[PDB]
Amino acid sequence: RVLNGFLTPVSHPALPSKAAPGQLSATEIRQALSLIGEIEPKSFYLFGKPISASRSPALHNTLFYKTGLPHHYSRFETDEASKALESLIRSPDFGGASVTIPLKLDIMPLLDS
Amino acid sequence: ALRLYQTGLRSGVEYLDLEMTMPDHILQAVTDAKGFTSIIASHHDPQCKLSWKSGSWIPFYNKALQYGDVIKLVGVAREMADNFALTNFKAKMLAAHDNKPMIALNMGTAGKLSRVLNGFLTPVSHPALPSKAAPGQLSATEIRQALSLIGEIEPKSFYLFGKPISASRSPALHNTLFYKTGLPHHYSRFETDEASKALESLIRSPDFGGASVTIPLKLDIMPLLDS
Amino acid sequence: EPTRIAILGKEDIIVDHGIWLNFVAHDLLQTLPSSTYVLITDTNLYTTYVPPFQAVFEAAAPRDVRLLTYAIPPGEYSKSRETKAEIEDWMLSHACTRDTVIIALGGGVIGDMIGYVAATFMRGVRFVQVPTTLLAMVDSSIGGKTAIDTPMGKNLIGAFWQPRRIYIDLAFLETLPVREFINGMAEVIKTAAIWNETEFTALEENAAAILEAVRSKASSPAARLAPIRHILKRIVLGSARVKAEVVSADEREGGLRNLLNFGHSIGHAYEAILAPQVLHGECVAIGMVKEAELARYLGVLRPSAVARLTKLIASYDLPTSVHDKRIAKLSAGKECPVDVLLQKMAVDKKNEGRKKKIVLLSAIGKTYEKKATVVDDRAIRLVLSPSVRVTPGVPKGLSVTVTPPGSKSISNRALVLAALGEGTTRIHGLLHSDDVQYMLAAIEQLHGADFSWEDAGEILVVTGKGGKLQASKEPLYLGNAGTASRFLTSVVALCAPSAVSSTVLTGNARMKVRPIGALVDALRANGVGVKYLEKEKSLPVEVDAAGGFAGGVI
Amino acid sequence: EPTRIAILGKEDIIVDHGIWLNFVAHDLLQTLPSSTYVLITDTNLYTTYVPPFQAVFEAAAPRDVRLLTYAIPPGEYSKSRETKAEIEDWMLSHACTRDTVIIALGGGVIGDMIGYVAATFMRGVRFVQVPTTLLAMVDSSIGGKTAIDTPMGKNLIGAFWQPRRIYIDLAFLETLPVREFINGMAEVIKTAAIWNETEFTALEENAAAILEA
Ligand SMILES: NC(=O)c1ccc[n+]([C@@H]2O[C@H](COP(=O)([O-])OP(=O)(O)OC[C@H]3O[C@@H](n4cnc5c(N)ncnc54)[C@H](O)[C@@H]3O)[C@@H](O)[C@H]2O)c1
Ligand SMILES: NC(=O)c1ccc[n+]([C@@H]2O[C@H](COP(=O)([O-])OP(=O)(O)OC[C@H]3O[C@@H](n4cnc5c(N)ncnc54)[C@H](O)[C@@H]3O)[C@@H](O)[C@H]2O)c1
Ligand SMILES: O=C(O)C1=C[C@@H](O)[C@@H](O)[C@H](O)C1
Ligand SMILES: O=C(O)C1=C[C@@H](O)[C@@H](O)[C@H](O)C1
Ligand SMILES: O=C(O)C1=C[C@@H](O)[C@@H](O)[C@H](O)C1
Ligand SMILES: *[C@H]1C=C(C(=O)O)C[C@@H](O)[C@@H]1O
Ligand SMILES: *[C@H]1C=C(C(=O)O)C[C@@H](O)[C@@H]1O
Ligand SMILES: N[C@@H](CCC(=O)O)C(=O)O
Ligand SMILES: [Zn+2]
Ligand SMILES: [Zn+2]
């Protein structure tokens, strides 16, 4: 069930039964895949400042945990869209990023589309 | 190396890892003075020159067999299949030589499954350590919860027998430790004044993992137990 | 002196020296023309022997001709269904067609596996054999038996498929390890034991000299083997000719070819359990001893022959028993239960249905039948088993004449005082012990007597030289023969000074810590010089070449 | 009217009707004596045609003789390295020795696979062919070409290994499905096209009548 990949039938704890005995939930399979190399972890970022009191990391890390993914979201304070920023953005570890003040406009040139 | 190997043996270490690549004159010297130390005869293949299917490991297995109390062979997985072949290989070796157990792994993130399925003396990491000894090794807890997701560690029911146990902290205690250690087991209440026939249904069930017993059943339980 | 050997009506075996890197490439291209040549060996051999052949071959080959190369892992585990598929799938990657000519470079593992690939690739293609081990030169490469192992046992799936050529380049023996040399000597001993008692006798004498040379640390691997270059040529030619003739007479093993599985009925059963850590020839050695002991139990083989075969096997440092300390060490104490051995013997290919067939020696150099003989399970079980269940009962009114083995006390003396005398004595019932075997060779080298056998070794013809012995320059190795060292210490004092003024008796590691103090005290007292060479009051001992003792009081 | 046909110097092909459940068992026991007979077919054929043969055979066979049976999955996928090993490992479970006589009951997939097993088992053992498809009666069972497929292509690994007997019982065509009939007509057309323009012309006229029936 873990290794099947395509349209794996799953269970869910809120349902009264399991359709078949010993089927795993989407979350369980997804965290099983994570424990083996099959869902490779990714870095997610918040770009801008001030982001000391931003709830985005709490938000996305919680959803990663809740959905069974191994990804991680973190701070990256910066006033400008630097060459050091685009190292992270173009890294193969890059999963995605939120962008807030003052970079909502200045980021666009670094992106392809 | 020789002096370092002897420092290990002199220190009375329970296991000592010598590589099979070491020259014969040192393999002999360390083997002769090993005493009650268990020798792990090891070989690693980081450049991926060897193969599980083809049997290019046999020459090392044959060598490790006569030097080690435990064989440790580690290769590289490029694809998921490379873990299947390893598992098959190990099984064939244990059938042929029951008396010398094996640690068999694939490095890399592709070979994470081989760590889960290895079973015997799997090397692990821990988050509190600064690095991982090898890239992509899993922690004991991670492997243990990986084993749980595949049913290699089948879940078990744990119980608290007696009364009153409404305000007992045992369930909080053991369920937390199950979660913390990576086990899939579950602990629950079962109030009862007597050691009933209904109690021993749970106790003799194949789902039974164990149980705490409190007032008033500490004495009345013993006849139901074998030993 | 490139000698060829005929097999199946053509001289397709050639035995020479240094033909791999000249003759072979040219002979392939001229006698077996093809678009595609496939050279397969193992990982141990590849980088040493393949690249130089490629250079030679690709220089000689024409424009539209190609040479493909591949190495498989070494050892028994490669005689497998997987390795077969691995090779075949690789060949088909390069669109190898039916005209392909395969070159098996290696020992019997390569010979058997690659030959079987050749036998089945596109329902059969041409291949040649280039044996690189002693075993393969004297046995595996000849005969066209190809196979793989399954989990059930040895060579259970395969094909008869004759190579177009067998190129035996004796030079490959130069880089061959000592263990693999001894391994192949098992097949050499086997061939002599079933076919030629004279070659057998040569193998006995050559044993000491062969091992010494093979274990030598001389200035090159070639100079290492030079002192026994003539012996090896005799062994390879001789052993190859026997097989070639046997194979010609009986290619598909309808009868006569059974004889080449001497020691293999039981040997292959051990090997199914002990491989890959225990080698084939090592198992054959153990099996030969049990199949001899079986024949002895059946009253078909004389005990003297069994002792003689066992001693030969042991003198080449092969195992005589499954309980050898080296087998335990290599196999991690792997057990071979009788029930499992019999289960492996039930799929021996000589068997006619449930009836197990085993080659029984009648004497050294002869076989009971010119094929394998049906043996009862009960007898095979008794030989393999460690314990005996004795059924009570002996025939009513029995009367028998039984001769136990000779007493070694009276037999050891008999040889000494016959050798010292004038005239010629025939000794019946002599116990051919280690003391006799080493004293006999000792006196031979002292030119003290002429020895000779009759009735297949049961009678020792001794013509003594009346005490006129000659001091040997070379020391006399005795092993751990106690009675021998004691008798010879006083006997070798009789020999007149010829090459040297003295003559030295040495032996085993165990002999060197064995007392002879009182006897040396007697010789010194009776005017015979004698100095200890290592430890005091024990061998080795250099003892003077007087014309006997002084005499008088002793 | 049992007509025999000569191949490689002997009349080892026999073409008759209803010989599977009488003649074949007796001919095996009389002309190819053995301690062990191994009858291998596929799952589609087994329960229809094997049990009645076992009854006949075990009634005729002497005391110390045995008949082993085995079915492999049907179709091209069974001409494989695996199925080969599966059969061989099974045979060796029952200590099949060199005297074993294999009976290939089925079409060309069985003929090719089981024949190749026969060709290599203990470096070759005796086997016979009992073709049950039109194709196998007119092509596969004759000639001794045995092979398996690899991922690369068709019949790339195999062996020339002639059966001692080829028993062609036309009655097997009775239960053969329509598609497998048409399948074998390709080999029949082929043979006529390379060799005989008169048979070819007959195949033209017979086409309408054959399909209808
Ligand atoms: N076909 C037959 O009739 C026949 C006869 C006897 C044995 N066999 C079979 O042969 C096999 C044994 O073959 P083997 O004893 O040659 O073992 P082998 O082919 O594995 O060779 C022995 C080892 O020595 C190495 N080696 C070979 N030539 C060398 C050289 N010149 N220098 C250095 N290293 C070298 C090889 O790489 C290997 O590690 C067994 O499986 C046995 O069943 C077959
Ligand atoms: N060796 C040769 O010379 C040669 C010649 C032609 C074809 N072949 C090979 O033969 C194969 C094709 O053989 P095939 O067409 O016989 O396929 P097949 O053996 O799979 O049989 C066809 C199908 O019909 C079923 N069947 C067979 N006999 C039946 C019966 N009496 N009643 C009902 N069902 C029956 C089988 O179970 C199977 O599903 C191919 O792999 C081809 O390469 C070999
Ligand atoms: O402070 C934050 O975390 C954020 C603020 C807004 O700009 C959002 O649009 C942004 O995605 C996240
Ligand atoms: O109520 C509880 O949690 C318990 C109370 C004690 O009797 C303990 O001995 C028992 O194991 C658990
Ligand atoms: O003189 C002899 O022949 C011997 C006498 C005893 O000591 C024996 O124990 C010894 O083996 C031989
Ligand atoms: C298909 C497969 C299932 C399973 O076995 O996991 C569940 C079932 O409901 C789906 O139809
Ligand atoms: C052996 C194997 C390791 C691994 O590859 O996970 C870790 C290393 O430290 C051990 O020696
Ligand atoms: N020595 C051969 C015997 C078979 C033969 O050559 O006939 C072997 O080990 O297989
Ligand atoms: Zn052999
Ligand atoms: Zn066809």
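Quick mapping for you: the protein sequence lines, in order, are chains S, B, C and F.
Its first residue numbered 1379, the first sequence is counted upward by one per residue in our numbering.
Its first residue numbered -8, the second sequence is counted upward by one per residue in our numbering.
Its first residue numbered 830, the third sequence is counted upward by one per residue in our numbering.
Its first residue numbered 373, the fourth sequence is counted upward by one per residue in our numbering.
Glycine included, C-beta positions come from ideal geometry on N, C-alpha and C.
By the Cβ neighbour-count rule, S/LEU1437 is exposed, with fewer than 16 other Cβ atoms within 10 Å of its own. Excluding residues up to 5 positions away in sequence, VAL21 lie with their Cβ nearer than 6 Å to the Cβ of B/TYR(-4) in the same chain. F/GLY530 has a beta carbon lying within less than 8 Å of a beta carbon in chain C. Scanning its chain for C-beta atoms nearer than 6 Å, with the 5 sequence neighbours on each side dropped, one finds around C/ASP1079 the residues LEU1085 and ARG1086, in chain order.
If the five residues before and after F/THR518 are omitted, its C-beta is found closer than 6 Å to the C-beta atoms of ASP484, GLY487, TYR488, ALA491, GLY530, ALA531 and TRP533, all from its own chain and listed in chain order. Taking a C-beta cut-off of 9 Å against chain S, the contacting residues of the stretch 125 to 152 of chain B are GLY127, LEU129, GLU133, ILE134, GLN136, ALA137, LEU140, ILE141 and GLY142, listed in chain order. Spanning the alpha carbons of C/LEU1147 and C/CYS1112 requires a straight line of approximately 9 Å. Taking the beta carbon of C/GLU911 as reference, the chain B residues within 9 Å of it are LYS44, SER45 and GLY46, listed in sequence order. Under DSSP, C/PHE989 shares a beta bridge with C/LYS974.
Within chain F, no residue has its CB atom less than 7 Å from the CB of C/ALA1098, the nearest being about 13 Å off. With 5 Å as the limit, the residues whose C-beta approaches a heavy atom of ligand 6 more closely than that are S/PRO1387, S/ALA1397, S/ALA1398 and S/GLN1401, in chain order.
In this structure, F/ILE444 keeps its C-beta atom at 8 Å or more from the C-beta atom of F/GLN501. By alpha-carbon distance to C/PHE886, the top candidate from C/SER1281, C/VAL853, C/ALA1248 and C/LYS1179 is C/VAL853.
Taken atom to atom, the span from the alpha-carbon of C/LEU1138 to that of F/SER513 is near 51 Å. Shown here for B/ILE212: same chain residues with a beta carbon closer than 8 Å to its own, the five before and five after excluded, namely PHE152, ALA186 and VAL204 in chain order.
In the structure shown, F/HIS398 falls within a helical segment according to DSSP collapsed to helix, strand and coil. Remark: the shortest separation between the CB of F/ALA457 and any heavy atom of ligand 2 does not fall under 7 Å. Its chain contains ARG106, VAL107, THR113 and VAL115 as the residues whose beta carbon lies nearer than 7 Å to that of B/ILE134, once the 5 sequence neighbours on both sides are disregarded; these appear in chain order. By the Cβ-count criterion, B/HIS34 is buried, with 16 or more other Cβ atoms from all chains shown falling within 10 Å of its own Cβ.
Of all residues in the stretch 100 to 118 of chain B, only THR100, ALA101, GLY102, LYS103, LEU104 and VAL107 come within less than 8 Å of chain S when Cβ atoms are compared, listed by chain position. Ligand 8 has no heavy atom closer than 7 Å to the beta-carbon of C/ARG1070. Within the chosen limit of 7 Å, ligand 10 reaches the beta carbon of F/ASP511 through at least one heavy atom. Those residues of the stretch 1175 to 1208 of chain C placed with their C-beta closer than 9 Å to a C-beta in chain F are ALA1175, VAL1176, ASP1177, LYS1178, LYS1179, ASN1180, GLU1181, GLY1182, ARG1183 and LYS1184, ordered along the chain.
Short of 6 Å from the beta carbon of F/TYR421, and not among the five residues preceding or following it, lies no beta carbon of its own chain. Per DSSP, the continuous beta strand (DSSP E) segment holding C/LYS1185 begins and ends at 1185 to 1187. At a cut-off of 8 Å between beta-carbon atoms, C/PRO902 makes contact with chain B. Sorting B/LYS25, B/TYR52 and B/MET11 by C-alpha distance to the C-alpha of B/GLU5 places B/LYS25 at the top. For the pair B/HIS177 and B/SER148, the CB atoms are nearer than the 8 Å cut-off. Relative to ligand 4, the beta carbon of B/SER159 is positioned inside 7 Å of a heavy atom. A distance criterion of 7 Å places the beta-carbon of B/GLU5 beyond contact range of ligand 9, judged by its closest non-hydrogen atom.
A straight-line Cα-Cα distance of about 30 Å links B/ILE49 and C/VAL930. Counting of Cβ neighbours within 10 angstroms places F/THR415 among the exposed residues, the total staying below 16. For C/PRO1166, no Cβ of chain B is located within less than 8 Å of the residue's own Cβ.
Here DSSP, grouped into helix, strand and coil, assigns C/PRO960 to strand. Ligand 7 has no heavy atom closer than 7 Å to the beta-carbon of B/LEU108. Inter-residue distance for C/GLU1198 and C/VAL1176 is about 22 Å (C-alpha atoms, whole angstroms).
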